[PDB]
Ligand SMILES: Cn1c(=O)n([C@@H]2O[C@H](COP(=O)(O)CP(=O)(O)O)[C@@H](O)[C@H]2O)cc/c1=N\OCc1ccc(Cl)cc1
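Next up: a single chain in structure tokens, the form deposited without the named molecule.
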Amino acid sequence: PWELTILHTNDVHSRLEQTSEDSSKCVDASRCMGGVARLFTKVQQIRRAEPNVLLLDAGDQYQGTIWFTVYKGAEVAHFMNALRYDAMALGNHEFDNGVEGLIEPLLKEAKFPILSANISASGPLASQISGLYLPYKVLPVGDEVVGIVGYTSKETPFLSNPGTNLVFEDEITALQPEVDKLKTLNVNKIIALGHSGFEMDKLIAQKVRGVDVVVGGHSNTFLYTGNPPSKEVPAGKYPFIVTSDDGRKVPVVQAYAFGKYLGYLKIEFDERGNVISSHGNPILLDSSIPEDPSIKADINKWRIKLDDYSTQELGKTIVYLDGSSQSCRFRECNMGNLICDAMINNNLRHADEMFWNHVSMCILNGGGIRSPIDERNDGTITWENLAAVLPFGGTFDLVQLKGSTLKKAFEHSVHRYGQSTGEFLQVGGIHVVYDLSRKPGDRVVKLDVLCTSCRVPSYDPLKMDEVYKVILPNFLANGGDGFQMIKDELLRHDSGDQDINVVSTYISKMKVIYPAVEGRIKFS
């Protein structure tokens, strides 16, 4: 039997430095985790011991911290080249800075193949991009070869900025002929590496004949066999075994997100490329593993430009930005209006004749707004100021919610009004009226929402059975601040851009901001 070691990361999301336990800023180094210097140590160790090793990334290196804001992907090419990745699949966030911000910094600078079989271009762009990403690569491994076929979320146009040329094809439809073609070229060991989420990974394992292993991403899925090593709760065993339509057992793996874990799967193949066995587990990259000193020194050198950037002017405000708890946990506050407006602006994507924009609505718990910004520093706003308001290193995500769920959320928002609790909601594209003289649970007396399926945006009553797209913190999509109804009832959830980066982009674009308190939230 020929034994392959697959080492894999996904959704690293700009966690170049070691992080806290919850993948925010590292404060107590003896409890910090991940980062590329520690990943380098562990990959180097495994490559010393195991003969046949591939190091794979299933996409979404782009987006998540100030590293991406400043270096725009040059950090990804540099540090992935230093760790000697063997292949990467394109994720949705690789399109955040458009095609041009993918071609230049990543596709031209990576020393490893970048893959996606389900993205096609036309016109001049097809000539410009030809060969800079590939459907698959056949890689030598010891005295064998392994085919790696890539795939990217078909939902990328809703979740990033790929532009109107590129077309994202159904993953299974695009993959099967490429896997068919590898079989005709005598490549009998095939890894599908891609970025569509755990549910689609299982469907690919089931339906794409000839795929031996699926290495995925997007859904930040944690799989584990045994007692979990940290706080993440497993969605299933590692690997997750799918019974294929061709009647094989196909292992499916993912490794959470944020560089906290290194996926590690050992596959035994027979002489005909059939998987005889598969076993492994993700490795927690905790402080017991030292940071490679050379990578850490390069990381500290690259940090200098980040520190310099963090105190530069992004834009100006001519208004005080009231992010005080006394405002934002009790009533409409202008800092909440600013952040929700920035969240909606971040989610303007290219539209059908069917909507002016696919999403119009935002909610933000006042518990998430942690500072005001004073306008009397010559109106200057810096990144450092925004990091005081939004200190948790979260994302602003897209969810689909029934109107009944969202009405429940607005009831939760005031269920114990008066105590300075964090669940009080700041909004965009939503007008709510409360009557606090009613029983908890029955205090929302008006709730109107901004249409999407309309050429002129206007407000309509919320409908209980209708499914709304909403931009909201990752923290609330995960039921934070008591919003269990959101976690339990949401129909779709895709992670979005870093919270600070959303607001800093909007302020940069606007140049001069003056958000008002304007009646989005009233009390009767």
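Residues carry their position along the shown sequence, with the first being 1.
The form solved in complex with the named molecule exists for this protein as well; it is not shown, and the discussion that follows is about that form.
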| Placed ligand check: the named molecule in the deposited bound form, overlay by site C-alphas, backbone/C-beta within 2.4 Å | blocked
| task | Look at the candidate spot formed by 337, 493 and 520 and say whether the named molecule comes within 4.5 Å of a heavy atom in all three of them in the deposited bound form. | result | no
| query | Which residue among 322, 178, 75, 96 has a heavy atom within 4.5 angstroms of the named molecule in the deposited bound form? | reply | 96
| field | Of 113, 315, 422, 234, the one that lies within 4.5 Å of the named molecule in the deposited bound form (heavy atoms) | value | 422
| message | Using a 4.5 angstroms cut-off on non-hydrogen atoms, would residue 392 count as touching the named molecule in the deposited bound form? | response | yes
| query | Does residue 182 reach the named molecule in the deposited bound form, with heavy atoms at most 4.5 Å apart? | reply | no
| said: I'd like to know if residue 161 sits close to the named molecule in the deposited bound form, meaning any non-hydrogen atom pair within 4.5 angstroms. | reply: yes
| How about residue 60: is it within 4.5 Å of the named molecule in the deposited bound form, going by heavy atoms? | yes
| Partner-facing stretch of 100 to 108, 263 to 271, 153 to 161, 440 to 448, counted where any non-hydrogen atom is within 4.5 angstroms of the named molecule in the deposited bound form | 153 to 161
| query | Relative to the named molecule in the deposited bound form, which residues of 465 to 494 have a heavy atom no more than 4.5 Å away? | reply | 475, 481
